[PDB]
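A look at the structure
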Amino acid sequence: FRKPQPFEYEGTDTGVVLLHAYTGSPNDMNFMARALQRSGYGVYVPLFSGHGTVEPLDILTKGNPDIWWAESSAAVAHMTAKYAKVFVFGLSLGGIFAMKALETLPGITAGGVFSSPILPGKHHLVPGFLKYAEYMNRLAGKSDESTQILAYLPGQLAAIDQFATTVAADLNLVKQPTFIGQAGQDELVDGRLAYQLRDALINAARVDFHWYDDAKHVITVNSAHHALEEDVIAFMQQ
Ligand SMILES: [Cl-]
């Protein structure tokens, strides 16, 4: 098993922070990061605590939204030290921190989300996490950990939602141009909430909203990624 590491591409004038998904890793952003590099952007993809190991329990016992927020904030600061302009985007979980960054951190030009409605709703992250863990255990030749996982999973999902509702309540603080991309066949989160995210951004200079009709949740990796990359790059060029 290869532990995905954080990675960085050097640019000149503009840098981009890409924040990965829950149970995800910097691998979530490989295609996006390279697309940005081909267009001359600097890119930084951090690793969230507890992620990127062969042991799914690490996510539940070594990471939490407060740590991940600190890591997101540190990632933004790393890039704003170097580049004239910095953009911050996030996939699902990462999108929560991307929006909180726009709301509360200095020096960010613009940013937004990939399949991250922010407003909590009906989701399928419990089955999603369990399927992820089952796949990881099958890779590592390890026995099932579902009972151990279920002692933590409801609580951590609740913690993420709790963090998210605060971010949602502060959406009025966002003044930067904001990008919203949402999968149209999203099996993990309620895509309808992306419309509520859009409508809550009452003070954003602009809201660039894109719906990826036939795509499943992870639009940075699946069939939608070429379209998403083009739309994100067009947004940045504006
Ligand atoms: Cl997520």
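- By the method listed in its record, X-ray crystallography, this PDB entry was determined to a resolution of 1.810 Å.

Details of the overall build of the protein
- Helix and strand counts for the protein come out as eight helices and seven strands.
- If you line up the protein on its principal axes, its C-alpha atoms span 50 × 35 × 35 Å.
- Pairs at least 24 residues apart make up 76% of the contacts formed inside the protein by residues separated by at least 6 positions.

Structural notes on the packing of helix α1 (residues 30-38) against helix α8 (residues 225-237)
- Where α1 contacts α8, the two axes come as close as 10 Å, and the packing angle between them is 45°. The pairing of α1 with α8 is recorded here as oblique in orientation. Crossing hand, α1 versus α8: right-handed. On α8, the residues touching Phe31, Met32, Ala35, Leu36 and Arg38 of α1 are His225, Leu228, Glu229, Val232, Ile233 and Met236.
- Looking at the contact of α1 with α8 residue by residue, the class counts come to eight nonpolar, one polar and two charged.

Some thoughts on the environment of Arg198
- Its place among the elements puts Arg198 in helix α7 (residues 193-200).
- Here the alpha-carbon distance between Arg198 and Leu171, two residues 27 residues apart in the chain, equals 9.6 Å.
- Dropping the residues within four chain positions of it, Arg198 is found in contact with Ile180, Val207 and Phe209.

Observations regarding the packing of aromatic side chains
- Taken as a whole, this structure holds 19 aromatic pairs when the rule is applied.
- Taken together, a centroid distance of 5.7 Å and an interplanar angle of 40° make the contact between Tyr22 and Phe129 tilted. With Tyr22 in the loop between β2 (14-19) and α1 and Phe129 in helix α5 (residues 125-140), this residue pair connects regions lying 107 residues apart in the sequence.
- By relative accessible area, which is 9% here, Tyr22 ends up buried.
- Members of the aromatic cluster, connected to one another through ring pairs, are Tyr22, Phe48, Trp68, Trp69, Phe97, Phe129, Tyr132 and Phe163.

Points about the side chain of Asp186
- When you line up the elements, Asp186 lands in the loop between β6 (178-183) and α7.
- In this structure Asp186 is buried but unpaired, with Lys216 as the nearest side chain of opposite charge at 10 Å.
- Among the polar contacts listed, one links the side chain of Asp186 to the side chain of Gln182, at a separation of 3.0 Å.
- Beyond its immediate chain neighbours, meaning those up to four positions away, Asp186 contacts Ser115, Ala215 and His217.

Conventions adopted
- Residues numbered from 1 in each chain as written, not as in the entry; some residues may be left out.
- Heavy atoms only, no water.
- Residues with missing side-chain atoms left out of burial classes, pairs and counts.
- Helix = DSSP H or I, 4+ residues; strand = E, 2+ residues; numbered from the N terminus.
- Contact = heavy atoms within 4.5 Å.
- Axes fitted to C-alpha atoms, helices over the stretch in contact; angles between N-to-C directions.
- Parallel < 35°, antiparallel > 145°, perpendicular 65-115°, else oblique.
- Left-handed = near helix turned anticlockwise from the far one by under 90°.
- Nonpolar A, V, L, I, M, F, W, Y, C, P; charged D, E, K, R; others polar.
- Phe/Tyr/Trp six-rings, centres within 6.5 Å; stacked < 30°, edge-to-face > 60°.
- Buried < 20%, exposed > 50% of the residue type's maximum accessible area, 1.4 Å probe, protein only.
- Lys, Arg positive; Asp, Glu negative; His and termini not counted.
- Salt bridge = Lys/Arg side-chain N within 4 Å of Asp/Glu carboxyl O.
- Polar contact = N/O pair within 3.5 Å; in protein donor to acceptor, adjacent residues only side chain to side chain.

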